[PDB]
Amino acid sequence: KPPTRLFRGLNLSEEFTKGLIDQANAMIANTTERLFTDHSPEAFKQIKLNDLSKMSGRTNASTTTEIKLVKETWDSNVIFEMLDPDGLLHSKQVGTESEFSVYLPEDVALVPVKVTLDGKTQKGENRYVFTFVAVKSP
């Protein structure tokens, strides 16, 4: 019974973060609609191609169930929140008891659903949470 919510953080440049927000919101408003309603295989692949969270193909990406660890250890300005109700991520605990190793299969997409401002880093940067749901190929 793996965890269904996992966080991963990255420190990204000011300009890249702005471009990432626009890409995320663009996808949320265009592509994800076609996937959630029509279960469009075209929409699925386009979402996979974008790979917003830089996780595609990874077999042991580090994550944690506690967003606070991410903030305290790395002070990331961009945090990726993955909602995985179906256990599609093969979450493995790396006993640091909240740390889990994740594998994203090629037939699983991290579908963006929300971008939310979540305070600031110690550096005064806006911190953004990108929320995804892990979905199987239609």
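Start at 1 and count along the sequence shown; that's the residue number.
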item: 5-13 versus 18-26 - which carries the larger mean C-alpha B factor in the record; value: 18-26
item: Selected stretch [higher average CA B-factor]: 54-62 or 27-35; value: 27-35
item: Candidate set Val102, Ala109, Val113, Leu49 [ranked by C-alpha B-factor, highest]; value: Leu49
item: B-factor third for the C-alpha atom of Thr73 within its chain; value: highest
item: Modelled-residue ranking by C-alpha temperature factor, third containing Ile67; value: middle
item: Chain-wide C-alpha B factor ranking for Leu88, given as lowest, middle or highest third; value: middle
